Amino acid sequence: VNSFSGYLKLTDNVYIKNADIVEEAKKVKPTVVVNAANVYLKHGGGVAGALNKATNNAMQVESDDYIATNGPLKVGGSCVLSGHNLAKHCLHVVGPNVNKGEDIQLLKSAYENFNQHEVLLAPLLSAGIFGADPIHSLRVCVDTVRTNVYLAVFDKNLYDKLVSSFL
Ligand SMILES: OC[C@@H]1CC2(CCC2)CN1c1ncnc2[nH]ccc12
């Protein structure tokens with residue numbers, strides 16, 4: 001039993017809800033919140049910009065030190081950093097950005113990072129400003145993640161469409 005509330009159950013382990021991931025994380029304070037990151041951890045817009053603003057830019061400060069030490073992530077890769085005031089840990093995961101020409105096949109690799117954590121609050125990777133089809137992002141998530149994932153979908157039109165089209 002965990003403290004996630006109001007989710008629709010899609011499969012044995014994947015749940016989905018219409019919610020702002022920032023407000024969800026502040027309420028639940030999960031062990032792991034997933035960020036929709038880029039390889040430079042420049043948290044400018046989308047989910048990443050929203051999560052960072054909620055930390056008063058502390059996420060960006062920590063991220064810049066991480067990059068200065070380790071260099072950029074790989075597309076499809078991830079790193080674990082602090083969850084600041086939002087969660088115990090933030091898993092920064094790089095889904096492909098279709099608007100940069102990145103291979104959509106790397107989306108499965110991105111979701112595989114979730115399997116290293118027993119429970120996560122997460123967005124749909126590569127959705128939104130990353131330019132991939134959110135219906136596709138959901139299918140890959142369901143077919144790749146085996147740990148317990150609670151998906152926060154920002155757009156009502158998307159959320160209702162995601163639910164009504166789910167196979
Ligand atoms: O697939 C990620 C989706 C796609 C997006 C562009 C249209 C809606 C942003 N995003 C979010 N998902 C959950 N919580 C969020 N909080 C702030 C942004 C955000």
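Sequential numbering from 1 along the given sequence is applied to the chain's residues. Every number for a ligand or one of its atoms is a count from 1 in the order of the listing.
The side-chain contact (heavy atoms from CB on, under 4.5 Å) with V93 is formed by just one residue from the set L120, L73, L125; it is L125.
At most 12 heavy atoms of other shown residues, nucleotides or ligands fall within 6.0 angstrom of atom NZ in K156.
Shown in contact with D20 at under 4.0 Å from a heavy atom are these atoms of ligand 1, numbered in order with element: 16 (N). Near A50, the atoms of ligand 1 lying under 4.0 angstrom from a non-hydrogen atom of the residue are 17 (C). In summary, the atoms of ligand 1 found under 4.0 Å from a heavy atom of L124, numbered by their order in the structure, are 1 (O), 2 (C).
Relative ring orientation between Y15 and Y7 is described as perpendicular, the plane-to-plane angle rising above 60° on a 0-90° scale split at 30° and 60°.
When only non-hydrogen protein atoms are considered, atom 1 (O) of ligand 1 lies nearest to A127 CB, 2.7 Å. Shortest contact from atom 7 (C) of ligand 1 to any protein heavy atom: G128 CA, 3.8 Å. What sits closest to atom 13 (C) of ligand 1 on the protein, heavy atoms only, is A152 O, 3.4 Å. Residue, atom and distance of the protein heavy atom nearest to atom 11 (C) of ligand 1 are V47 CG2, 3.1 Å.
With a 4.0 Å heavy-atom cut-off, ligand 1 is reached by the backbone of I21 and by its side chain too.
Rounding to the nearest 0.5 angstrom, the gap separating the CD1 atom in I135 from the CZ atom in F166 is 11.5 Å.
Electrostatic pairing of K27 and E24 does not count as a salt bridge here, judged by no charged N lying under 4.0 Å from a carboxylate O.
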Solution key, residues 39-55 side-chain donor-acceptor pairs under 3.5 Å, sequence neighbours excluded:
| from | atom 1 | to | atom 2 | distance (Å) |
| --- | --- | --- | --- | --- |
| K42 | NZ | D64 | OD1 | 2.8 |
| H43 | ND1 | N35 | ND2 | 3.2 |
| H43 | NE2 | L41 | O | 3.2 |
| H43 | NE2 | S63 | OG | 2.9 |
| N52 | OD1 | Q60 | N | 2.8 |
| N52 | ND2 | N57 | OD1 | 2.9 |
| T55 | OG1 | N52 | O | 2.8 |
| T55 | OG1 | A58 | N | 3.3 |
| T55 | OG1 | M59 | N | 3.0 |

